[PDB]
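A.B. asks: whatever this is, show me its structure:
(chains A, B, C, D, E, F, G, H and I, ligands or ions: 4)
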Amino acid sequence: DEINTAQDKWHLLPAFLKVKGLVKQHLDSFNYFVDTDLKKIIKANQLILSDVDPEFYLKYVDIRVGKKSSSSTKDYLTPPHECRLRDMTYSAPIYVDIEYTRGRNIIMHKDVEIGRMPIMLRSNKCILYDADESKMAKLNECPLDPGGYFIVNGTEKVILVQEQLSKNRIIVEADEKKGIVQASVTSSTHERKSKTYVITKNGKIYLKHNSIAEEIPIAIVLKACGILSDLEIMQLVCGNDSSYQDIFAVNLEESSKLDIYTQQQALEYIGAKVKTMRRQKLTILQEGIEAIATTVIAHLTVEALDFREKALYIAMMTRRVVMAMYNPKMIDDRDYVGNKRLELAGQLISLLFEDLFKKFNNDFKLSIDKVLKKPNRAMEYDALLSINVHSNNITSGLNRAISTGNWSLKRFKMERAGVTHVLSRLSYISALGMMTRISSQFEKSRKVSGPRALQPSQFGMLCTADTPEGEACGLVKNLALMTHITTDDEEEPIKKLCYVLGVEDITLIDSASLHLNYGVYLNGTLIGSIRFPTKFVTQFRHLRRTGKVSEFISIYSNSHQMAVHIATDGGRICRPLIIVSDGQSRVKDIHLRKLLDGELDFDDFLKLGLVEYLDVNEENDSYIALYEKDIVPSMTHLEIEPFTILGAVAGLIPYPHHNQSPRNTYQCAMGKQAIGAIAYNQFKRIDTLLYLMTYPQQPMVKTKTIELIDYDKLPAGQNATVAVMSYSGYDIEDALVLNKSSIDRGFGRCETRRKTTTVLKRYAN
Amino acid sequence: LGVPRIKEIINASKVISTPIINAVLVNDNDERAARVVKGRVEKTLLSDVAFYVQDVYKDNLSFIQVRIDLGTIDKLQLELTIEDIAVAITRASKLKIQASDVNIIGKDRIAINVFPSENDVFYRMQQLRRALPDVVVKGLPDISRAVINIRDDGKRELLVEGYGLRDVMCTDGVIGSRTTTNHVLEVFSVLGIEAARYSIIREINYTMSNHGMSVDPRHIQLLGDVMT
Amino acid sequence: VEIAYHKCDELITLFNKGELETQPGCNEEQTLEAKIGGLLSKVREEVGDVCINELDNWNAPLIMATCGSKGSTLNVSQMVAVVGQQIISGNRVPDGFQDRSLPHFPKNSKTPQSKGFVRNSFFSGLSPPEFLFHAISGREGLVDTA
Amino acid sequence: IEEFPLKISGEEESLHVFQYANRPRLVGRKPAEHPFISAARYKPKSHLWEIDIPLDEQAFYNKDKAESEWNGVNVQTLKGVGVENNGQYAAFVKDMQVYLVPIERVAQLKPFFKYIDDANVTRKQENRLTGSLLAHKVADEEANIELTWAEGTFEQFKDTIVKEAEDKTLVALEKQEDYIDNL
Amino acid sequence: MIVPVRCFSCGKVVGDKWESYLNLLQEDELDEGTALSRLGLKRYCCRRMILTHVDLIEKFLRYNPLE
Amino acid sequence: XXXXXXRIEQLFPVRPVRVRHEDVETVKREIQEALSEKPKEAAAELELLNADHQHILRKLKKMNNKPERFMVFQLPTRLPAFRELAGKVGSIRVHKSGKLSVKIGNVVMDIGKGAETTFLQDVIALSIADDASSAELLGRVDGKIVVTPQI
Amino acid sequence: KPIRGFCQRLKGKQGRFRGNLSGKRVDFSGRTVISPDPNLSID
Amino acid sequence: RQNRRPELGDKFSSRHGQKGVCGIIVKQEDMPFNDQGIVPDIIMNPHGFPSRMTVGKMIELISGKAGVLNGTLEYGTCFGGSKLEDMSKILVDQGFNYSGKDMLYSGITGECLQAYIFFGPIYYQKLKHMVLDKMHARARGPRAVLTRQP
Amino acid sequence: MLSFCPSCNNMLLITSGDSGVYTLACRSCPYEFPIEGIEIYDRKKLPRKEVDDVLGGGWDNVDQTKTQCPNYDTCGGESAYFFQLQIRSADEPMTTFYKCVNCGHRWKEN
Ligand SMILES: [Mg+2]
Ligand SMILES: [Zn+2]
Ligand SMILES: [Zn+2]
Ligand SMILES: [Zn+2]
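C.D. replies: Numbers count the residues shown, from 1 in each chain, chains lettered A, B, ... in the order given. Ligands and ions are numbered 1, 2, ... in the order given. Find the structure here:
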């Protein structure tokens, strides 16, 4: 039969899922961690030095997980099922190369293990990578098992995907009877802080930093950041609009109210308010302290004497404030999906390992100082017995953080709980749904229902029915079926490309013409302005479709806020979409014929420019068709399959569009509690609790989802002969009538297996 | 009208969200009958009838000139032209900074003069210009807004979104005999503890009558009696 | 429904090209909202009335609703004729995207389909936008209860 | 349907651009008067521009306040650091040909109140420090590189630019397909 | 796990038809419907007992611990 | 604009150009060139781009022999291979119907106007000699030029 | 600040008053799932 | 390991949010039967349908019946799935009513039921909440040391 | 005011000098714009804030349904305004709130 694009474009979903499984956020994040972020930590903390014995150093040259240079193979890892059975941690050793100086001018390498790295299941370092169900049989592992969790002390722990507001981005919010505050939570690789920004009174605009004693008025900081003309201030923050001028003039007047200002007068004013630095470098208490204050006021770290970038950033901050004060509804929804980011297991473990490695290096330097403080016979030979003994701390911390879920990061200074949860083994669907589960940010003031409502902007990105009941109702969310999470890619080669494509740098731009053209933002920062914003957007999109820039960069244009926005950061949620050009789809069923024939795996639809990822923000600029039949020649994309708006669990529902939505939500709840088949190795497993159906049947009415997630291979239920009638009076209020002699013949017959573990502990005596 | 309303009533909180004062009138007409009372209860009217405000300087004299438009003051039914506007300006700019002599050159072009550690004159003139088109000339400065309502008849009652019940009760053209507010503590301080318990009972009953909650009124009576 | 959609889009084009008669109690932007919502509610009520009047004697939902044991004529009409209008926070579904509810509609479009009106019944099945709008409406009811 | 050639030149020329944000290009129909320049300064190793333009004395000077508040106010100082940007090429037309010269460190000049600085310091009178701290440390430690503003010599520069623009001629070979990836 | 001996609803023996149904599917291929009708499974309960069965025991035997 | 709050006209006090909120967008496009007055999201862009070609060609014609006018050109920072790059690079061509193009190398690009600079611009020469450091003035910029590669 | 003093014993939902004085756990009580029974008298 | 028979109070659900415990377990002969002697494993109240408005469950019953009669597993995908007209055509072709409503006889009286009964297979899941792990009863026993309460 | 100097572009202010001259001196820069019989006026428009008509009622635009109110003996109302909310757990059905068009009596039929 000839391929019909309308009803065969759905095969792009199985094509996408073959190479990008449902448990892929965790997988890719952990692979990225262990492959590049470990090198990044070891290259940040590359050398440790001592005050004494200057002719001596320790160098961290290389870092590796699970492999040595002695043999081509990796080390033997006790398989994850054996780790589960023996209540140990599925971990691979971290090997480093050490350059420690010998007293007789000798230079050597080494392969020294500094701890065990808890390895995520089915990652690159995991032994179950690319196994053919035969090695899985030999390893007593289920081929259908999701992977993407950790076995620490024999318990399956999953680092849930974390929801949080996007960092390094301006958010503006109003309020009633209090004023307008709008922050920019800026996070560096070593210091996180939020540059708060509120209107105290009289329409006066202030900058409120934690390190600053009192909120510095806005004209003062604007004059401090090089913009000291006090007309270009009003030009940058006000443009040519008449209302904003009088809205803003009060804090212009205040600038002269105190004393007329040069740049350095404002800089001294800022510096007078810096709190403290734990009484180190006391000789910096001068006008120069404001330089560090402004350097550590945001992410726009300045390493020179030009303050234009930070000045324009603060001017946009102010102008958004002024827009909000002129009229509300210029604020951003804090629950808009475009304003959130998803931290993943790899990023979490990256920061945790960075903290643990800093502790390890501090303690190693302490031990080295204690050893080498001795006057005589300072033999250098075998100076690594300490690190051989001292390797236990990295492993202990790395295991315990995952085991307990509490992550005590001294450097970044917060205590978070519930980062990990025990992977649920009630059902195969329960485990798979604990994967692809998102936990929202706490300290949210649960008394209100902003981040509890379902948003129209989560269409196709977060499942529209898989939201749990009772207390965390709307706080825990689930990923949709056909979704990707962007990864952090370098921003510097895209700024150059933007300059090539006609964007003129802000340092080339004057204040009086800034709000007359569209301004191009890179990750929320005004890098410049451009004529022809729509042409720039089209050329950028053409470059991305031709693969000249990463497919995950998002470009969209805001008309109310005259801006072309380009986003490159990781954590943005995106989904693939068929590109509709000139009123026609780009797939045209020859690509579909190739795809079912075997050629053109899903990646090639991206290399060919037929399919592109859209995040929530680009969906503002897009116009998607649900079906090929209603493609009007003004639409920009076409849905691959609209049933992907439901997650894995909600795909168990037959005909969900014929139900009231609460019924779909409740089935999303109960399907994870359904009793059935767990895994192909369920009788080899020994779990704290396990419910198994004796005679599980696959549903007679299934969906595409349940066969895309192999639910028909381990089903949880049975096809009961049902008569819908009133009977016996014992069926009122949800009560059921069960056939005796169906129960006799095995209908509904299940069993429970419970484990009891004891250890014959040896004692001191 | 829900859990927060019942909470407010039984907590006897002094500040409530949406305190509504229901005021019945004496006559039956819109033009020049009920709009007059509505104007008699209004928040602020300077900006409403200023039509501009000036920042005027000369060789040695400074004017804050405002040209009150008789057209707005006539179309919007209010009783004020110049003198009460001037005295209200004096009171408000005294509460802000100072006001000793507010002059009227005539023809609705009332001008305010400022005279006196430097540039303070210009700063105070600017702040007076900013705080000028916000002052109250007509109406009680307790009512955020008034709104004429219809009780499915030809009777145009008005209920005000304010915190002053005695003023609305004593306002001309409002029948004080039938004029109740939904603020129990406002009823208590103006009418008495018996009227306070009546207001409590009526407010609670009405609150649960808008949710279909069929409670015998004796329970509400006992609640009011134990509260008062 | 086609007659109702026609009046709705006529009011849409009037509001867009010019200025409608703003209601006394509410400003311009929501007077179109009130007019469109009233018209859609009227068409839903009339279609449901026709469905109920054509319902069969010995219809099980009709009997349960008539005797009051379970359900109602609203539930029957939503199952059979039309799930009328998804109302969240007291009005139609607001813009989830920039000046727009879903990217599957034109920008600054206020057609009944774009702002929550579910033409379908639960018998015929909900089209993907209508399904999402219904989900938000149900979530709105479930929210606040906690 | 014509062709206009552009030619690169000025390989060694240090051609800076001044961006006087303090004054408009043209107040009226005609271009604004180019202000007189005197006592211009540049700080190497810092790329700091200081340019002095005297104030008019016949009108709007406030001489009494000027001398009573600050000792030297006759000149007006516009200060702005040159910012190194690439791809900015300065052009002119001579013989139906546009001659390009690369621009080094455009600067944005804003008024500078050094007399207010000195009055404030005279009032107040009675450790790697790297990073932005090191930038200002360098600026106020290694400084005082006086420049001599010699205005008027355009013809030498223009005939020179033509000299490197006609003697040298180079052809291009890079594939268009390769250029797109080179972007 | 393994095909139930009897249909849950009727009690008709269907555990002696699993292998015959599999052989009808593989050797001399038939449709599932006609293969169920060939075995004598007339009632839809006996039909679903075989049509919806998932033979998980063959997958569990891949982990036999006493080889 | 809207209502403006009313020896040398350039020494008179300067007030910002103020436009009402109800019409900020319309006057915005008018004053983008009117503030200089030098001596639909696709069609509008293309027509204003064609106007940019007509203005750019007008300026090149009036810059043919003036000994003071300069333009700043925005070229890509990585030009096609042929900085130590000297000589003739290519041509700026005038196509039919008023549109222009630039052939920097073997490639063909388009040429636009970029942002307008409503303030004084002047070019100078830096020659810091060990004998004598001197700064030399050359001319004044009349407009920015942006050339963009096209795929 | 997890240190549990005397006033911590008395304050709270699970404190002393609201947890043991007014409301406590009782003997001779049971709890299980409820099922319907029409042949049971309403009392 | 502990085998568990489904008993009174065990919770079951049917993929449409329609959960509920076993109210009664009745003998097969007391159950209603059709012409072929097919007898239901589960009887579920019609009163659960009108208010919950789970038309998807009815369509699932009909599609499952047509699927078992046709020898093929059906599809109930969101915004798609097997059309109801096709399933009704399969049902009519095999001798059943198009609407999945068969005439049953009473198991206890033997007479025809005066209403046609929605009859067919529905996927039912047994939920982890069993009454054996919830039944708890205390008369006297362990007491808190500090408060001397149960 | 909102005016700025031509030299340093800082915001201009009014200062009282000798003979009480209200000159527009620019702080931080020797600039002096005196007043010689010249009027500096800054006019900004203010809104008219027209009248607002009676609030009345727009109950014609509210979804009705065919339900007889509990107070049928007093008022024979066959219609009732409604709106449905799910104020139960997601396993109970939705709740419908009513309001009789003949008396205004509200009730919830669940
Ligand atoms: Mg319940
Ligand atoms: Zn059977
Ligand atoms: Zn000045
Ligand atoms: Zn009634």
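A.B. asks: first-to-last residue distance for stretch A:649-661?
C.D. replies: Stretch A:649-661 has its terminal residues 14 Å apart, counting by CA to CA, to the nearest Å.
A.B. asks: quick one: it near chain I?
C.D. replies: Yes. Using CB under 8 Å from any CB of the partner chain, stretch A:649-661 reaches chain I at residue A:660. (Each C-beta comes from the backbone N, C-alpha and C, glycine too.)
A.B. asks: the longest helix seen in chain B near chain I at all?
C.D. replies: Of all segments of type helix in chain B, defined using DSSP state H, the longest is helix B:193-209. Yes. Helix B:193-209 is in contact with chain I by CB under 8 Å from any CB, via residue B:209.
A.B. asks: what's the offset of that helix from the middle of its chain?
C.D. replies: Here helix B:193-209 is found 24 Å from its chain centre; the criterion is CA atoms, centre = their mean, to the nearest Å.
A.B. asks: what are the contacting residues of it?
C.D. replies: With CB atoms under 8 Å, 6 or more residues apart in numbering or on different chains as the test, helix B:193-209 has contacts from B:1-2, B:5-6, B:9-10, B:180-182, B:184-185, B:187-188, B:215, B:217, B:220-221, B:223-225, B:227-228, I:106.
A.B. asks: selecting buried members of the residues you listed in PyMOL, what would you type?
C.D. replies: Buried residues among the contacts of helix B:193-209 (16 or more other CB atoms under 10 Å in any protein chain shown), as a PyMOL selection:
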select buried, (chain B and resi 5+9+180+181+182+184+185+187+188+220+223+224+227+228) or (chain I and resi 106)
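A.B. asks: for the longest helix of chain B, buried residues please.
C.D. replies: Burial within helix B:193-209, assessed by neighbour count using 16+ other CB under 10 Å, is assigned to B:196-205, B:207-209.
A.B. asks: how close does residue A:384 get to residue A:68?
C.D. replies: 16 Å (CB to CB, to the nearest Å).
A.B. asks: which parts of the stretch 351-500 of chain A are helices?
C.D. replies: If DSSP state H, counting those that start in this stretch is used as the criterion, the helices of the stretch 351-500 of chain A fall at A:385-390, A:392-404, A:428-434, A:492-500.
A.B. asks: for the last one, packing partners?
C.D. replies: What it means is helix A:492-500. Other helices and strands packing on helix A:492-500, by 3 or more CB pairs under 8 Å, 6 or more residues apart in numbering or on different chains; DSSP states H and E, are strand A:518-522, strand A:525-530.
A.B. asks: again with the second one
C.D. replies: Identification of packing neighbours for helix A:392-404 by 3+ CB pairs under 8 Å, 6+ apart yields strand A:91-100, strand A:112-118, strand A:150-152, strand A:155-159, helix A:345-372, strand A:420-422.
A.B. asks: the residue in the stretch 201-350 of chain A that chain F sits nearest to: neighbour count?
C.D. replies: At 4.2 Å from chain F, residue A:242 is the closest residue in the stretch 201-350 of chain A, using CB to the nearest CB. By other CB atoms under 10 Å in any protein chain shown, 23 other residues sit near residue A:242.
A.B. asks: my guess is it contacts residue F:16, does it?
C.D. replies: No. Contact criterion CB atoms under 8 Å: residue A:242 and residue F:16 do not qualify, at 9.0 Å.
A.B. asks: so which residue is smack in the middle of chain H?
C.D. replies: The centre of chain H sits closest to residue H:42, judged by CA atoms, centre = their mean, with a distance of 4.4 Å.
A.B. asks: name all residues that make contact with it.
C.D. replies: By CB under 8 Å, 6+ apart, the contact set of residue H:42 is A:720, A:721, A:722, A:723, A:736, A:737, A:738, A:739, H:12, H:122, H:124.
A.B. asks: what helix or strand is the third one located in?
C.D. replies: Counting by DSSP states H and E, the element that carries residue A:722 is strand A:718-724.
A.B. asks: ranges for the strands of chain F?
C.D. replies: Counting by DSSP state E, one finds strands in chain F at the ranges F:69-74, F:87-94, F:100-103, F:109-112, F:120-128, F:133-149.
A.B. asks: picking that back up, closest one to chain D out of the buried residues of helix B:193-209, please.
C.D. replies: The nearest member of the buried residues of helix B:193-209 to chain D, counting by CB to the nearest CB, is residue B:207 at 61.9 Å.
A.B. asks: just want the residue of chain H that's nearest chain D.
C.D. replies: Across chain H, the shortest distance to chain D (CB to the nearest CB) belongs to residue H:79, at 40.3 Å.
A.B. asks: hang on, the earlier thing: so which of the helices of the stretch 351-500 of chain A has the densest surroundings on average?
C.D. replies: Of the helices of the stretch 351-500 of chain A, the one with the most neighbours on average (mean count of other CB atoms under 10 Å in any protein chain shown) is helix A:428-434, at a mean of 25.
A.B. asks: and that one, anywhere near chain H?
C.D. replies: No. Figure legend: helix A:428-434 not in contact with chain H (CB under 8 Å from any CB); closest approach 9.4 Å.
A.B. asks: report how many residues lie close to the nearest residue to residue A:697 once chain neighbours are set aside.
C.D. replies: Distances taken as CB to CB, 6 or more residues apart in numbering or on different chains place residue E:52 nearest to residue A:697, at 4.1 Å, with adjacent residues excluded. Using other CB under 10 Å, residue E:52 has 24 other residues around it.
A.B. asks: the residue of chain H closest to chain D reaches residue C:131, doesn't it?
C.D. replies: Yes. If you go by CB under 8 Å, residue H:79 and residue C:131 touch, sitting 7.4 Å apart.
A.B. asks: those two: which has the busier surroundings?
C.D. replies: Per other CB under 10 Å, whichever of residue H:79 and residue C:131 has more neighbours is residue C:131, with 27 against 20.
A.B. asks: surely that one touches residue A:464?
C.D. replies: Yes. If you go by CB under 8 Å, residue C:131 and residue A:464 touch, sitting 7.5 Å apart.
A.B. asks: any residues in contact with both of those two?
C.D. replies: Residues touching both residue C:131 and residue A:464 comprise residue A:645, with contact defined as CB under 8 Å, 6+ apart.
A.B. asks: follow-up on the earlier one: for the strand holding residue A:722, enumerate the helices and strands it packs against.
C.D. replies: Strand A:718-724 sits against strand H:42-44, helix H:55-70, strand H:117-126, with contacts defined as 3+ CB pairs under 8 Å, 6+ apart.
A.B. asks: need the residues of chain D near chain B, please.
C.D. replies: For chain D, no residue is in contact with chain B (CB under 8 Å from any CB).
A.B. asks: which residues does whichever residue of chain H sits closest to ligand 3 contact?
C.D. replies: The minimum distance from chain H to ligand 3, using CB to the ion, falls at residue H:79 (67.2 Å). Residues in contact with residue H:79 (CB under 8 Å, 6+ apart) are A:642, A:643, A:657, C:125, C:126, C:127, C:128, C:131.
A.B. asks: anything in stretch A:649-658 near chain C?
C.D. replies: Yes. Stretch A:649-658 lies within reach of chain C by CB under 8 Å from any CB, at A:655, A:656, A:657, A:658.
A.B. asks: does stretch A:298-310 reach chain D?
C.D. replies: Yes. Using CB under 8 Å from any CB, stretch A:298-310 reaches chain D at A:302, A:303, A:304, A:305, A:306, A:308.
A.B. asks: what sits up against stretch I:70-78?
C.D. replies: Applying CB under 8 Å, 6+ apart, the set of residues contacting stretch I:70-78 from outside is I:66, I:67, I:68, I:69, I:100, I:101, I:102, I:103, I:105, I:107.
A.B. asks: next: stretch A:752-765.
C.D. replies: By CB under 8 Å, 6+ apart, stretch A:752-765 touches A:87, A:686, A:687, A:688, A:689, A:690, A:691, A:692, H:1, H:2, H:4.
A.B. asks: out of everything not next to it in sequence, what's closest to residue I:110?
C.D. replies: Nearest residue to residue I:110, sequence neighbours excluded (CB to CB, 6+ apart): residue I:95, at 4.9 Å.
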